[PDB]
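See below for the structure under consideration.
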Amino acid sequence: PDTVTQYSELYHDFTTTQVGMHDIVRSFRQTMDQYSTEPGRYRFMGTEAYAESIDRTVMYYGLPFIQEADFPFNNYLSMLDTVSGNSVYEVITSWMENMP
Amino acid sequence: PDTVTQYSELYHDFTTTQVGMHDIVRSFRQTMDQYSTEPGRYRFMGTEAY
Numbered sequence: 337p338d339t340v341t342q343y344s345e346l347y348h349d350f351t352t353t354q355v356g357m358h359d360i361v362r363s364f365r366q367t368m369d370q371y372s373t374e375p376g377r378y379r380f381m382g383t384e385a386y387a388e389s390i391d392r393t394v395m396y397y398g399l400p401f402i403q404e405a406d407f408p409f410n411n412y413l414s415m416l417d418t419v420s421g422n423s424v425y426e427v428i429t430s431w432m433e434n435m436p
Numbered sequence: 337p338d339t340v341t342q343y344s345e346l347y348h349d350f351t352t353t354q355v356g357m358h359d360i361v362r363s364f365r366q367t368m369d370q371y372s373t374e375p376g377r378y379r380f381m382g383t384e385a386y
């Protein structure tokens, strides 16, 4: 453990995505709802969470009875260092099948 | 680790109260809300966590 200094040498189970984090993002959406009541002046909320699994990114969409981000920002096409027909297909189908 | 057999010898960070558990309890409350709309017939939900 004297040599564990790089971030990729640990599993970050205690410092990222803890119980209660999504409720803080939902209270940000509630604060912005008081400025969205006038028609044509809806206020947008997007979230950025990168280097993440697709099943954790999709949780920022919320639930059908609980509002959260309007969308989380999708950067999975930006992470393609080389392009191919199979690699573009799996990025498009991962987002469309996993999002609610 | 061959002798770790009692439940009190581990910290249960991965098997109790995970991310997403409270949302399952909130969806139980939403199911019971469809039977609570008539006045005087509210449906109670209590949770036990000791």
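Protein chains in written order, with PDB author numbering: chain A, 337 to 436; chain C, 337 to 386. Note that beta-carbon positions come from the ideal geometry of N, C-alpha and C, so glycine has one too.
- Item | Contact list for residue 440 of chain A against chain C, beta-carbon separation under 8 angstroms | Given a span of 337 to 436 for chain A in the structure shown, any question on residue 440 of chain A remains unanswerable.
- Item | Cross-chain neighbours of A/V355 in chain C, by beta carbon under 7 angstroms | Within the first sequence, residue 355 of chain A is the residue found at index 19, counting from 1. The contacting residues are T353, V355.
- Option in A/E426, A/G421, A/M381 with minimal Cα separation from A/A405: Sequence index remark: in the first sequence, residue 405 of chain A carries index 69 (1-based). When C-alpha distances from A/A405 are compared across A/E426, A/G421, A/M381, the shortest belongs to A/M381.
- Message: Does C/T341 come out as helix, strand or coil in the three-state DSSP assignment?
- Response: Counting from 1 along the second sequence, the entry for residue 341 of chain C is found at position 5. Coil, per DSSP.
- Three-pair Cβ contact test at 8 angstroms for the segment 381-395 of chain A versus the segment 421-435 of chain A: Note that the segment 381-395 of chain A touches the segment 421-435 of chain A; at least 3 beta-carbon pairs, one per stretch, sit closer than 8 angstroms.
- Message: I'd like to know if C/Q370 contacts chain A, where contact means its C-beta is closer than 7 angstroms to some C-beta of that chain.
- Response: The sequence position of residue 370 of chain C within the second sequence is 34, counting from 1. False, the Cβ-Cβ gap to chain A never drops below 7 angstroms.
- Message: For C/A385 and A/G356, what's the separation of their Cα atoms in angstroms?
- Response: Position 49 of the second sequence, counted from the first residue, corresponds to residue 385 of chain C. Position 20 of the first sequence, counted from the first residue, corresponds to residue 356 of chain A. Near 17 angstroms, if we compare the C-alpha coordinates of A/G356 and C/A385.
- Message: Once the 5 residues before and after A/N422 are set aside, which same chain residues still bring their CB inside 6 angstroms of it?
- Response: Translated into the one-based positions of the first sequence, residue 422 of chain A becomes position 86. Nothing meets the Cβ criterion.
- Message: Please confirm whether A/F407 has its beta-carbon closer than 7 angstroms to some beta-carbon of chain C.
- Response: Residue mapping note: residue 407 of chain A aligns to position 71 of the first sequence, counting from 1. It does not: the Cβ of A/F407 has no partner Cβ on chain C nearer than 7 angstroms.
- Message: Tell me the rounded alpha-carbon separation between A/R377 and A/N410.
- Response: As a first step, residue 377 of chain A is located in the first sequence; it is residue number 41 there, counting from the start. As a first step, residue 410 of chain A is located in the first sequence; it is residue number 74 there, counting from the start. Each residue's alpha carbon lies about 24 angstroms from the other.
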